[PDB]
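*Asks:* Supplied in structure tokens, the structure appears directly below.
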Amino acid sequence: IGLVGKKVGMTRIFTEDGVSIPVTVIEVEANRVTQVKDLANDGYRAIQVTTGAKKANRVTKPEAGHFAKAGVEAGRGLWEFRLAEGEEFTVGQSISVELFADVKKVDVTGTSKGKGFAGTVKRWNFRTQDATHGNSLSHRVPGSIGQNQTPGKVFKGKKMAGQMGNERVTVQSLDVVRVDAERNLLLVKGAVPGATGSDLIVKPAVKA
Amino acid sequence: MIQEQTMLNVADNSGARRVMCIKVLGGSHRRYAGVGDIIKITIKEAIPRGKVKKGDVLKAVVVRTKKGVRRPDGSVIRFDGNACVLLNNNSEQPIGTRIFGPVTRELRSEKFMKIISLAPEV
Amino acid sequence: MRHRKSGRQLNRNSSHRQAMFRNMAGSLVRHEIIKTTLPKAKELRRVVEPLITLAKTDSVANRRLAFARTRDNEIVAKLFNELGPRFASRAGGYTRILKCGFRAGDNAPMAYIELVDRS
Amino acid sequence: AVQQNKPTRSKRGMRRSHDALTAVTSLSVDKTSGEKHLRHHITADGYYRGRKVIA
Amino acid sequence: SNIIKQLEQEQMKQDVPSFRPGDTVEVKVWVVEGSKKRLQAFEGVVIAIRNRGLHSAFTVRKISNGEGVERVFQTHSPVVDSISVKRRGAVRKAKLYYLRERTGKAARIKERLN
RNA sequence: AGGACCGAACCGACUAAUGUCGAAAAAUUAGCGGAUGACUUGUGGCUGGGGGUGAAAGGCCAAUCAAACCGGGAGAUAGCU
RNA sequence: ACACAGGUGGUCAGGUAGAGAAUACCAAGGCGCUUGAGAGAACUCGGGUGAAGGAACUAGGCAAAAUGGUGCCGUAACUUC
RNA sequence: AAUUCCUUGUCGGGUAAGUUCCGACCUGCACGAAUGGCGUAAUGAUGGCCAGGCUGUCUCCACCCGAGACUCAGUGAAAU
RNA sequence: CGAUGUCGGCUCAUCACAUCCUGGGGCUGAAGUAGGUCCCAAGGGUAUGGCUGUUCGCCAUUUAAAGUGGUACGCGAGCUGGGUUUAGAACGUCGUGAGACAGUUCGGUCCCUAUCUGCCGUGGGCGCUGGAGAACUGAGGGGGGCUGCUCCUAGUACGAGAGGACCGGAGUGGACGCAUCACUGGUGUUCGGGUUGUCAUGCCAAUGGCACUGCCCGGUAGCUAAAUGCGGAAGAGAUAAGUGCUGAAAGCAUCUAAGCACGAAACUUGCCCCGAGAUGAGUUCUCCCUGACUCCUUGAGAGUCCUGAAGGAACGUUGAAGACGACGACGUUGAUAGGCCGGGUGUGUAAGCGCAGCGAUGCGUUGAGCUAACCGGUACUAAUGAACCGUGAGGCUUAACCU
Ligand SMILES: [K+]
Ligand SMILES: [Mg+2]
Ligand SMILES: [Mg+2]
Ligand SMILES: [Mg+2]
Ligand SMILES: [Mg+2]
Ligand SMILES: [Mg+2]
Ligand SMILES: [Mg+2]
Ligand SMILES: [Mg+2]
Ligand SMILES: [Mg+2]
Ligand SMILES: [Mg+2]
Ligand SMILES: [Mg+2]
Ligand SMILES: [Mg+2]
Ligand SMILES: [Mg+2]
Ligand SMILES: [Mg+2]
Ligand SMILES: [Mg+2]
Ligand SMILES: [Mg+2]
Ligand SMILES: [Mg+2]
Ligand SMILES: [Mg+2]
Ligand SMILES: [Mg+2]
Ligand SMILES: [Mg+2]
Ligand SMILES: [Mg+2]
Ligand SMILES: [Mg+2]
Ligand SMILES: [Mg+2]
Ligand SMILES: [Mg+2]
Ligand SMILES: [Mg+2]
Ligand SMILES: [Mg+2]
Ligand SMILES: [Mg+2]
Ligand SMILES: [Mg+2]
Ligand SMILES: [Mg+2]
Ligand SMILES: [Mg+2]
Ligand SMILES: [Mg+2]
Ligand SMILES: [Mg+2]
Ligand SMILES: [Mg+2]
Ligand SMILES: [Mg+2]
Ligand SMILES: [Mg+2]
Ligand SMILES: [Mg+2]
Ligand SMILES: [Mg+2]
Ligand SMILES: [Mg+2]
Ligand SMILES: [Mg+2]
Ligand SMILES: [Mg+2]
Ligand SMILES: [Mg+2]
Ligand SMILES: [Mg+2]
Ligand SMILES: [Mg+2]
Ligand SMILES: [Mg+2]
Ligand SMILES: [Mg+2]
Ligand SMILES: [Mg+2]
Ligand SMILES: [Mg+2]
Ligand SMILES: [Mg+2]
Ligand SMILES: [Mg+2]
Ligand SMILES: [Mg+2]
Ligand SMILES: [Mg+2]
Ligand SMILES: [Mg+2]
Ligand SMILES: [Mg+2]
Ligand SMILES: [Mg+2]
Ligand SMILES: [Mg+2]
Ligand SMILES: [Mg+2]
Ligand SMILES: [Mg+2]
Ligand SMILES: [Mg+2]
Ligand SMILES: [Mg+2]
Ligand SMILES: [Mg+2]
Ligand SMILES: [Mg+2]
Ligand SMILES: [Mg+2]
Ligand SMILES: [Mg+2]
Ligand SMILES: [Mg+2]
Ligand SMILES: [Mg+2]
Ligand SMILES: [Mg+2]
Ligand SMILES: [Mg+2]
Ligand SMILES: [Mg+2]
Ligand SMILES: [Mg+2]
Ligand SMILES: [Mg+2]
Ligand SMILES: [Mg+2]
Ligand SMILES: [Mg+2]
Ligand SMILES: [Mg+2]
Ligand SMILES: [Mg+2]
Ligand SMILES: [Mg+2]
Ligand SMILES: [Mg+2]
Ligand SMILES: [Mg+2]
Ligand SMILES: [Mg+2]
Ligand SMILES: [Mg+2]
Ligand SMILES: [Mg+2]
Ligand SMILES: [Mg+2]
Ligand SMILES: [Mg+2]
Ligand SMILES: [Mg+2]
Ligand SMILES: [Mg+2]
Ligand SMILES: [Mg+2]
Ligand SMILES: [Mg+2]
Ligand SMILES: [Mg+2]
Ligand SMILES: [Mg+2]
Ligand SMILES: [Mg+2]
Ligand SMILES: [Mg+2]
Ligand SMILES: [Mg+2]
Ligand SMILES: [Mg+2]
Ligand SMILES: [Mg+2]
Ligand SMILES: [Mg+2]
Ligand SMILES: [Mg+2]
Ligand SMILES: [Mg+2]
Ligand SMILES: [Mg+2]
Ligand SMILES: [Mg+2]
Ligand SMILES: [Mg+2]
Ligand SMILES: [Mg+2]
Ligand SMILES: [Mg+2]
Ligand SMILES: [Mg+2]
Ligand SMILES: [Mg+2]
Ligand SMILES: [Mg+2]
Ligand SMILES: [Mg+2]
Ligand SMILES: [Mg+2]
Ligand SMILES: [Mg+2]
Ligand SMILES: [Mg+2]
Ligand SMILES: [Mg+2]
Ligand SMILES: [Mg+2]
Ligand SMILES: [Mg+2]
Ligand SMILES: [Mg+2]
Ligand SMILES: [Mg+2]
Ligand SMILES: [Mg+2]
Ligand SMILES: [Mg+2]
Ligand SMILES: [Mg+2]
Ligand SMILES: [Mg+2]
Ligand SMILES: [Mg+2]
Ligand SMILES: [Mg+2]
Ligand SMILES: [Mg+2]
Ligand SMILES: [Mg+2]
Ligand SMILES: [Mg+2]
Ligand SMILES: [Mg+2]
Ligand SMILES: [Mg+2]
Ligand SMILES: [Mg+2]
Ligand SMILES: [Mg+2]
Ligand SMILES: [Mg+2]
Ligand SMILES: [Mg+2]
Ligand SMILES: [Mg+2]
Ligand SMILES: [Mg+2]
Ligand SMILES: [Mg+2]
Ligand SMILES: [Mg+2]
Ligand SMILES: [Mg+2]
Ligand SMILES: [Mg+2]
Ligand SMILES: [Mg+2]
Ligand SMILES: [Mg+2]
Ligand SMILES: [Mg+2]
Ligand SMILES: [Mg+2]
Ligand SMILES: [Mg+2]
Ligand SMILES: [Mg+2]
Ligand SMILES: [Mg+2]
Ligand SMILES: [Mg+2]
Ligand SMILES: [Mg+2]
Ligand SMILES: [Mg+2]
Ligand SMILES: [Mg+2]
Ligand SMILES: [Mg+2]
Ligand SMILES: [Mg+2]
Ligand SMILES: [Mg+2]
Ligand SMILES: [Mg+2]
Ligand SMILES: [Mg+2]
Ligand SMILES: [Mg+2]
Ligand SMILES: [Mg+2]
Ligand SMILES: [Mg+2]
Ligand SMILES: [Mg+2]
Ligand SMILES: [Mg+2]
Ligand SMILES: [Mg+2]
Ligand SMILES: [Mg+2]
Ligand SMILES: [Mg+2]
Ligand SMILES: [Mg+2]
Ligand SMILES: [Mg+2]
Ligand SMILES: [Mg+2]
Ligand SMILES: [Mg+2]
Ligand SMILES: [Mg+2]
Ligand SMILES: [Mg+2]
Ligand SMILES: [Mg+2]
Ligand SMILES: [Mg+2]
Ligand SMILES: [Mg+2]
Ligand SMILES: [Mg+2]
Ligand SMILES: [Mg+2]
Ligand SMILES: [Mg+2]
Ligand SMILES: [Mg+2]
Ligand SMILES: [Mg+2]
Ligand SMILES: [Mg+2]
Ligand SMILES: [Mg+2]
Ligand SMILES: [Mg+2]
Ligand SMILES: [Mg+2]
Ligand SMILES: [Mg+2]
Ligand SMILES: [Mg+2]
Ligand SMILES: [Mg+2]
Ligand SMILES: [Mg+2]
Ligand SMILES: [Mg+2]
Ligand SMILES: [Mg+2]
Ligand SMILES: [Mg+2]
Ligand SMILES: [Mg+2]
Ligand SMILES: [Mg+2]
Ligand SMILES: [Mg+2]
Ligand SMILES: [Mg+2]
Ligand SMILES: [Mg+2]
Ligand SMILES: [Mg+2]
Ligand SMILES: [Mg+2]
Ligand SMILES: [Mg+2]
Ligand SMILES: [Mg+2]
Ligand SMILES: [Mg+2]
Ligand SMILES: [Mg+2]
Ligand SMILES: [Mg+2]
Ligand SMILES: [Mg+2]
Ligand SMILES: [Mg+2]
Ligand SMILES: [Mg+2]
Ligand SMILES: [Mg+2]
Ligand SMILES: [Mg+2]
Ligand SMILES: [Mg+2]
Ligand SMILES: [Mg+2]
Ligand SMILES: [Mg+2]
Ligand SMILES: [Mg+2]
Ligand SMILES: [Mg+2]
Ligand SMILES: [Mg+2]
Ligand SMILES: [Mg+2]
Ligand SMILES: [Mg+2]
Ligand SMILES: [Mg+2]
Ligand SMILES: [Mg+2]
Ligand SMILES: [Mg+2]
Ligand SMILES: [Mg+2]
Ligand SMILES: [Mg+2]
Ligand SMILES: [Mg+2]
Ligand SMILES: [Mg+2]
Ligand SMILES: [Mg+2]
Ligand SMILES: [Mg+2]
Ligand SMILES: [Mg+2]
Ligand SMILES: [Mg+2]
Ligand SMILES: [Mg+2]
Ligand SMILES: [Mg+2]
Ligand SMILES: [Mg+2]
Ligand SMILES: [Mg+2]
Ligand SMILES: [Mg+2]
Ligand SMILES: [Mg+2]
Ligand SMILES: [Mg+2]
Ligand SMILES: [Mg+2]
Ligand SMILES: [Mg+2]
Ligand SMILES: [Mg+2]
Ligand SMILES: [Mg+2]
Ligand SMILES: [Mg+2]
Ligand SMILES: [Mg+2]
Ligand SMILES: [Mg+2]
Ligand SMILES: [Mg+2]
Ligand SMILES: [Mg+2]
Ligand SMILES: [Mg+2]
Ligand SMILES: [Mg+2]
Ligand SMILES: [Mg+2]
Ligand SMILES: [Mg+2]
Ligand SMILES: [Mg+2]
Ligand SMILES: [Mg+2]
Ligand SMILES: [Mg+2]
Ligand SMILES: [Mg+2]
Ligand SMILES: [Mg+2]
Ligand SMILES: [Mg+2]
Ligand SMILES: [Mg+2]
Ligand SMILES: [Mg+2]
Ligand SMILES: [Mg+2]
Ligand SMILES: [Mg+2]
Ligand SMILES: [Mg+2]
Ligand SMILES: [Mg+2]
Ligand SMILES: [Mg+2]
Ligand SMILES: [Mg+2]
Ligand SMILES: [Mg+2]
Ligand SMILES: [Mg+2]
Ligand SMILES: [Mg+2]
Ligand SMILES: [Mg+2]
Ligand SMILES: [Mg+2]
Ligand SMILES: [Mg+2]
Ligand SMILES: [Mg+2]
Ligand SMILES: [Mg+2]
Ligand SMILES: [Mg+2]
Ligand SMILES: [Mg+2]
Ligand SMILES: [Mg+2]
Ligand SMILES: [Mg+2]
Ligand SMILES: [Mg+2]
Ligand SMILES: [Mg+2]
Ligand SMILES: [Mg+2]
Ligand SMILES: [Mg+2]
Ligand SMILES: [Mg+2]
Ligand SMILES: [Mg+2]
Ligand SMILES: [Mg+2]
Ligand SMILES: [Mg+2]
Ligand SMILES: [Mg+2]
Ligand SMILES: [Mg+2]
Ligand SMILES: [Mg+2]
Ligand SMILES: [Mg+2]
């Protein structure tokens, strides 16, 4: 199905033979089920979960009630997962990191680090024009953006400067190294999106 | 990190003193060689008594780099000079009888086992 | 892009920026209250409040350090004698920012910054 | 550079629709004196949060 | 953070000898010749020491036959078997990168003997 | 001794960038050439328009030059717009 | 045309370092250049640094980088000596 | 060849590769002797070519420091 | 012709298919390997150098390949200005001469702050029919689709031999994309130190200023690539070319006229992202408001008064969010920022003081002192009691329910 978890930086695990494997430490606290959606009401089968612990004055009544229907404590934020026919869950149930004890590889979704207004060189890997040899005010500029009379227009999806990052991106099939049940961790190989403290949706690899 | 126009000192005793990389083999738009890759060489400086004269175009393998080689531990091995060993274009196999200076583990891959046996370290 | 960075540039070069805090920090210690631009006030806390900690241990090294910063033996004399022992009990937070409207000639947000005592 | 043909009153207005600046509508009252001022700012006389902290 | 610190602290070997830069160190290293498992040696001057707990490392420079070699060891790797110190240099710098430019007599360093 | 050498003032203007509704109707910044000479410069003279002057580019003659400027012939003339 | 990033002849010539009226830092004396306050995107301008490679750039090493002082040793073809 | 059209003539040198360069050959479209010919030392902000050193010129861009750009207050153009 | 900037290069592309590679097929003078030609196929991919202003071309070395074209011979309000095509000068040549020559040669100002369309980003407005907070659905749109080698199958088929597979399967690359900063490094004018000139704090000593950060040497966080993870898929649907099965018209025959199977990087899904302004404005969950009088030309009407909710905005402290808006965290029932404390890291043995030496300086106290953006704590400073917008049970017409 999937679990929500805060990113907690990066480390490495040294395997006894020698290999140091760079790991992302994802803390995965008790993901508790706030709602179960089904074909009768909603037209599709899913579960809504929560995690963390939001202070009571910061949570609003419309959500405070929403948690009181389940009976769970008010976690910081809500996420939904689609069920794969066979599995079935109940409201108020706490899903733990022990689901990933069986799996080998995981898709990790997160929000990428925001680079702000990025130019074409940074954003699209556009090539810098000649740094000298006569060049006039046009070193890192994008160059041409179209043809002439014929279109007489720039085409849609033309790679230009603009907002880079702060976008939801998914890194697929990362190898799970260790699944610590006691501290509630999930060590995956490689790097996943977003900064330390960002929320990650970790789930089993679709590309088996 | 050897590329076109990179000059290399020669590890073996084939004759060449200084060579120059004229192409990195094994892919289109392939920027660099290193570690134990095959490169195309031109001899820019040779000794008088050597087997290979100046301005000969032949193959070589990079055995040492200043950029260095990463081990799987995260550790790196760097040298103070990019270096190579000349080979016979189509036949491959080293021209020189003996190899000066060390050569890394990542050069170990069947075809270069002659190069490792002659080398005095690693 | 400035992720996890600190320090305001304040539309000055470094050497200048360092000087104008050296002066302003001297002025805050002398007069005990200053009217300055709200950012300059916020950035003056990171210069002055360390000089007040430095001033608690009266010796030589610290006097020479507090002279290496500031560069005035009056300010160094008012530190150590008064502001050292006067802020003995208090653990940080020696200064206070109060916003006092906008500057007439440029609409800059003003702010009084003063030492937490004035008595 | 340079317009092909001059825009209207209408467009000039359409553009200025966002230039309308907003009022404060959020004046405070000092606990002791009862003087109006901006939130988190001192008063004209020299008060803040019902306590004199200025000459 | 504590979560990371706890994962680091468990891995770190708790018996590394204190060596400063400018010390002639003999690092012993595990190597694998397919099926074998040899202990190689690497004696050389310690040029740089990066302290970051589990992520700590150090550069050893060795002027072996022909030309100089420079090897960066990851201190808390299991590949590094032992780090024996031979000579202790009286050098007053953290990083000894100037020794790359020098050779032979210029490159040699005074011993501590305090 | 020197139309000698290096190099500031001074005189110049080779390259590049900036600037191009400029800070500036020719400049700035970094380098650049000459720098006791066929040098440079202050003050005052003289040369007048088919005329001057020109180590000669049709250069220069008041931001104007294969014939200055101002006034006049003059509302030249225009099978052209 | 402007309280204009230009042009404008003579005279006076302090200290330390230096060959010096170069340059650096200062004295006498004079000024901070008549819009400021924030923020710290792309991009432009003026700079600093850069792993490995080192002209592969380009019409062209344009531009940058590099060399640089004093004393002493030493210094080739070629020459109108 | 500042002169050569056919032409990137042919040969040699240099380069891994040289329509440029240097040396030579004469088939001088259309050199040539004060509208000077051929030589050549020295000189050149002169044209062409090669080498060393050096480099963000480039492989391939990265970060940093300032001045604008951006926001707030004041003043307030222009071509069209 | 009251001006549509002309070659070539760079940047940035986009379409066609008459396909260069990769995919699927027929014939072959196809044993195998490798071809030859033809058919379908436009998903993706498609050199770097030497010479020349070149486009082209030749040459060197690669590559799976180094496709042909259109797009003002794409692209100068994007760059360049080598070429062409101004004014200087020269050579050859023609001309008595002024001068002339896709003949050659050396030198020779490339302006524009973007109104509209377009495009990349990012908001304000109202709408979606009580209001509000969340979580989805997915119409629709975009992105991604490259491939080498090695090794097994197997020295197996094939073949006299030499050579040498189809079909399967694993590894490991090049290129390219996405993410990240654990490592390797770069950067790091806010950290530490060395040092030249000089000026200053009375002076010594010790600091500080200025000299491009004065010049250097290291370097925290952050950002980052050259650094390390991941990715293109298997799968299915419908097919192209082609291969068939049964089977007439046409006793047979024939892939088809009924009918029925296979069949490719194309097509539709599968993977990633946006996505209800999808006005056809969707769905689920939760939350909140259940007082009156007046006027009427009886409206979904204008008011008077009492109430002001859920929530939001504003203000403040702010951020791995950011041009500004926005987005996220926190506001005392509090770790949001600063400070403070402790650690870490970095630099590399501070100062005073002692001792050694004539002096430079050396030890000793001392791995000291100082340590930015880091980590863990800590209410010491600053985040205010309020005010502010937002209301009062939400239209008519049917049908099911229903008392
Ligand atoms: K296969
Ligand atoms: Mg950000
Ligand atoms: Mg940028
Ligand atoms: Mg480029
Ligand atoms: Mg470039
Ligand atoms: Mg130009
Ligand atoms: Mg321009
Ligand atoms: Mg220009
Ligand atoms: Mg420029
Ligand atoms: Mg432009
Ligand atoms: Mg411009
Ligand atoms: Mg995988
Ligand atoms: Mg690369
Ligand atoms: Mg040759
Ligand atoms: Mg040869
Ligand atoms: Mg911060
Ligand atoms: Mg912080
Ligand atoms: Mg901060
Ligand atoms: Mg700030
Ligand atoms: Mg300012
Ligand atoms: Mg400003
Ligand atoms: Mg300075
Ligand atoms: Mg601090
Ligand atoms: Mg402290
Ligand atoms: Mg303290
Ligand atoms: Mg028009
Ligand atoms: Mg309006
Ligand atoms: Mg506006
Ligand atoms: Mg002279
Ligand atoms: Mg001068
Ligand atoms: Mg001058
Ligand atoms: Mg003068
Ligand atoms: Mg002059
Ligand atoms: Mg010039
Ligand atoms: Mg001039
Ligand atoms: Mg000079
Ligand atoms: Mg000069
Ligand atoms: Mg001279
Ligand atoms: Mg001179
Ligand atoms: Mg001279
Ligand atoms: Mg003389
Ligand atoms: Mg005169
Ligand atoms: Mg006259
Ligand atoms: Mg005459
Ligand atoms: Mg006359
Ligand atoms: Mg003429
Ligand atoms: Mg006349
Ligand atoms: Mg006339
Ligand atoms: Mg006139
Ligand atoms: Mg008339
Ligand atoms: Mg008349
Ligand atoms: Mg005048
Ligand atoms: Mg002025
Ligand atoms: Mg002036
Ligand atoms: Mg001025
Ligand atoms: Mg002048
Ligand atoms: Mg005078
Ligand atoms: Mg005089
Ligand atoms: Mg002087
Ligand atoms: Mg002196
Ligand atoms: Mg001077
Ligand atoms: Mg001064
Ligand atoms: Mg004075
Ligand atoms: Mg004075
Ligand atoms: Mg004056
Ligand atoms: Mg004054
Ligand atoms: Mg002033
Ligand atoms: Mg003023
Ligand atoms: Mg200002
Ligand atoms: Mg802001
Ligand atoms: Mg910045
Ligand atoms: Mg900036
Ligand atoms: Mg920003
Ligand atoms: Mg910026
Ligand atoms: Mg401009
Ligand atoms: Mg710049
Ligand atoms: Mg610059
Ligand atoms: Mg420098
Ligand atoms: Mg720079
Ligand atoms: Mg530099
Ligand atoms: Mg470099
Ligand atoms: Mg470095
Ligand atoms: Mg280097
Ligand atoms: Mg080289
Ligand atoms: Mg070199
Ligand atoms: Mg070269
Ligand atoms: Mg190349
Ligand atoms: Mg080239
Ligand atoms: Mg090229
Ligand atoms: Mg050329
Ligand atoms: Mg040239
Ligand atoms: Mg130059
Ligand atoms: Mg440099
Ligand atoms: Mg320079
Ligand atoms: Mg420099
Ligand atoms: Mg120097
Ligand atoms: Mg010298
Ligand atoms: Mg000398
Ligand atoms: Mg001599
Ligand atoms: Mg010679
Ligand atoms: Mg010719
Ligand atoms: Mg030729
Ligand atoms: Mg030839
Ligand atoms: Mg030939
Ligand atoms: Mg050859
Ligand atoms: Mg030839
Ligand atoms: Mg060339
Ligand atoms: Mg010749
Ligand atoms: Mg000849
Ligand atoms: Mg010949
Ligand atoms: Mg002959
Ligand atoms: Mg002649
Ligand atoms: Mg002649
Ligand atoms: Mg004669
Ligand atoms: Mg004559
Ligand atoms: Mg004659
Ligand atoms: Mg002559
Ligand atoms: Mg001649
Ligand atoms: Mg000659
Ligand atoms: Mg001569
Ligand atoms: Mg000669
Ligand atoms: Mg000569
Ligand atoms: Mg001259
Ligand atoms: Mg000249
Ligand atoms: Mg030239
Ligand atoms: Mg030359
Ligand atoms: Mg030329
Ligand atoms: Mg060179
Ligand atoms: Mg050399
Ligand atoms: Mg890049
Ligand atoms: Mg900056
Ligand atoms: Mg600025
Ligand atoms: Mg401005
Ligand atoms: Mg501004
Ligand atoms: Mg404004
Ligand atoms: Mg304004
Ligand atoms: Mg107007
Ligand atoms: Mg008009
Ligand atoms: Mg017309
Ligand atoms: Mg027109
Ligand atoms: Mg044109
Ligand atoms: Mg043409
Ligand atoms: Mg090109
Ligand atoms: Mg492109
Ligand atoms: Mg076709
Ligand atoms: Mg055909
Ligand atoms: Mg075909
Ligand atoms: Mg084909
Ligand atoms: Mg393939
Ligand atoms: Mg296949
Ligand atoms: Mg076939
Ligand atoms: Mg067709
Ligand atoms: Mg294609
Ligand atoms: Mg298509
Ligand atoms: Mg396409
Ligand atoms: Mg597809
Ligand atoms: Mg692609
Ligand atoms: Mg070349
Ligand atoms: Mg070329
Ligand atoms: Mg070829
Ligand atoms: Mg190939
Ligand atoms: Mg083509
Ligand atoms: Mg067409
Ligand atoms: Mg055409
Ligand atoms: Mg075309
Ligand atoms: Mg065109
Ligand atoms: Mg084209
Ligand atoms: Mg255009
Ligand atoms: Mg064009
Ligand atoms: Mg332009
Ligand atoms: Mg030209
Ligand atoms: Mg030019
Ligand atoms: Mg030309
Ligand atoms: Mg021209
Ligand atoms: Mg002419
Ligand atoms: Mg012509
Ligand atoms: Mg000709
Ligand atoms: Mg010129
Ligand atoms: Mg030029
Ligand atoms: Mg020019
Ligand atoms: Mg603007
Ligand atoms: Mg659009
Ligand atoms: Mg958006
Ligand atoms: Mg909206
Ligand atoms: Mg609304
Ligand atoms: Mg509404
Ligand atoms: Mg809605
Ligand atoms: Mg509704
Ligand atoms: Mg509703
Ligand atoms: Mg809603
Ligand atoms: Mg959704
Ligand atoms: Mg969703
Ligand atoms: Mg697509
Ligand atoms: Mg086999
Ligand atoms: Mg067998
Ligand atoms: Mg047989
Ligand atoms: Mg085989
Ligand atoms: Mg085969
Ligand atoms: Mg890559
Ligand atoms: Mg880190
Ligand atoms: Mg570093
Ligand atoms: Mg540095
Ligand atoms: Mg210091
Ligand atoms: Mg000293
Ligand atoms: Mg001094
Ligand atoms: Mg003074
Ligand atoms: Mg004094
Ligand atoms: Mg002293
Ligand atoms: Mg001392
Ligand atoms: Mg000063
Ligand atoms: Mg100065
Ligand atoms: Mg510096
Ligand atoms: Mg200093
Ligand atoms: Mg990237
Ligand atoms: Mg890698
Ligand atoms: Mg892959
Ligand atoms: Mg398929
Ligand atoms: Mg039948
Ligand atoms: Mg049949
Ligand atoms: Mg099918
Ligand atoms: Mg494929
Ligand atoms: Mg969505
Ligand atoms: Mg509806
Ligand atoms: Mg709804
Ligand atoms: Mg519902
Ligand atoms: Mg009621
Ligand atoms: Mg009403
Ligand atoms: Mg009322
Ligand atoms: Mg209200
Ligand atoms: Mg109320
Ligand atoms: Mg409320
Ligand atoms: Mg909200
Ligand atoms: Mg606001
Ligand atoms: Mg706020
Ligand atoms: Mg802030
Ligand atoms: Mg901020
Ligand atoms: Mg605004
Ligand atoms: Mg935004
Ligand atoms: Mg808002
Ligand atoms: Mg909004
Ligand atoms: Mg917000
Ligand atoms: Mg929210
Ligand atoms: Mg609040
Ligand atoms: Mg409290
Ligand atoms: Mg609270
Ligand atoms: Mg608390
Ligand atoms: Mg905290
Ligand atoms: Mg607490
Ligand atoms: Mg602090
Ligand atoms: Mg502290
Ligand atoms: Mg340390
Ligand atoms: Mg010590
Ligand atoms: Mg000591
Ligand atoms: Mg001490
Ligand atoms: Mg010190
Ligand atoms: Mg004593
Ligand atoms: Mg003594
Ligand atoms: Mg002692
Ligand atoms: Mg000790
Ligand atoms: Mg320490
Ligand atoms: Mg500390
Ligand atoms: Mg802090
Ligand atoms: Mg903290
Ligand atoms: Mg603690
Ligand atoms: Mg308390
Ligand atoms: Mg408490
Ligand atoms: Mg308190
Ligand atoms: Mg109250
Ligand atoms: Mg409040
Ligand atoms: Mg209220
Ligand atoms: Mg009210
Ligand atoms: Mg209402
Ligand atoms: Mg009512
Ligand atoms: Mg109701
Ligand atoms: Mg309701
Ligand atoms: Mg209702
Ligand atoms: Mg009703």
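Residue numbering restarts at 1 for every chain of the structure tokens, chains are lettered A, B, ... in their displayed order, and ligands are numbered from 1 as they appear.
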List the neighbours of range 49-59 of chain A out to 9 Å using only C-alpha atoms (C1' of nucleotides); skip same-chain residues closer than 2 positions along the sequence, and give me the result as a PyMOL selection string.

*Replies:* (chain A and resi 3-5+28-36+47+61-64+72-81+94-95) or (chain I and resi 333)

*Asks:* Tell me, as a list in words, which residues lie within 9 Å of residue 42 in chain C, counting only C-alpha atoms (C1' of nucleotides); anything in the same chain fewer than 5 positions away does not count.

*Replies:*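 Residues meeting the cut-off are residues 37, 97 and 113 of chain C; 338 of chain I.
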
*Asks:* Produce a file of the selected residues containing C-alpha atoms (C1' of nucleotides), as a PDB file, in the first residue's frame.

*Replies:*
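Produced file again_33.pdb, reproduced below:
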```pdb
ATOM      1  CA  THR C  37      16.077  50.469  10.738  1.00  0.00           C
ATOM      2  CA  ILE C  97      13.570  45.607  19.666  1.00  0.00           C
ATOM      3  CA  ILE C 113      16.788  48.830  20.088  1.00  0.00           C
TER       4      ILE C 113
ATOM      5  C1'   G I 338      17.534  35.716  18.133  1.00  0.00           C
TER       6        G I 338
END
```

*Asks:* Compute the set of protein, DNA and RNA residues whose minimum atom distance to ligand 105 is at most 7 Å, using only C-alpha atoms (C1' of nucleotides) and all ligand atoms, and state it as a PyMOL selection string.

*Replies:* (chain H and resi 16-17) or (chain I and resi 60)

*Asks:* Work out how far apart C1' of residue 1 in chain I and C1' of residue 66 in chain F are and give it in Å to one decimal.

*Replies:* 27.0 Å

*Asks:* List the spatial neighbours of range 22-31 of chain F as a ChimeraX atom specification - criterion: any atom at most 8 Å away, only C-alpha atoms (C1' of nucleotides), same-chain residues fewer than 4 positions off excluded.

*Replies:* /F:18,63 /G:4-6

*Asks:* Using only C-alpha atoms (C1' of nucleotides), which residues sit within 8 Å of residue 158 in chain A once same-chain residues fewer than 3 positions away are excluded, as a list in words?

*Replies:*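 The contact residues come out as residues 145, 154 and 155 of chain A; 119 and 120 of chain I.
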
*Asks:* Now that the selection is made, can you save its residues with C-alpha atoms (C1' of nucleotides) as a PDB file, in the first residue's frame?

*Replies:*
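The resulting selection_20.pdb:
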```
ATOM      1  CA  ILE A 145      12.876  30.543 -29.162  1.00  0.00           C
ATOM      2  CA  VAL A 154       6.358  30.086 -29.919  1.00  0.00           C
ATOM      3  CA  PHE A 155       5.144  26.511 -29.458  1.00  0.00           C
TER       4      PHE A 155
ATOM      5  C1'   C I 119       5.515  31.304 -24.724  1.00  0.00           C
ATOM      6  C1'   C I 120       7.651  29.861 -19.271  1.00  0.00           C
TER       7        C I 120
END
```
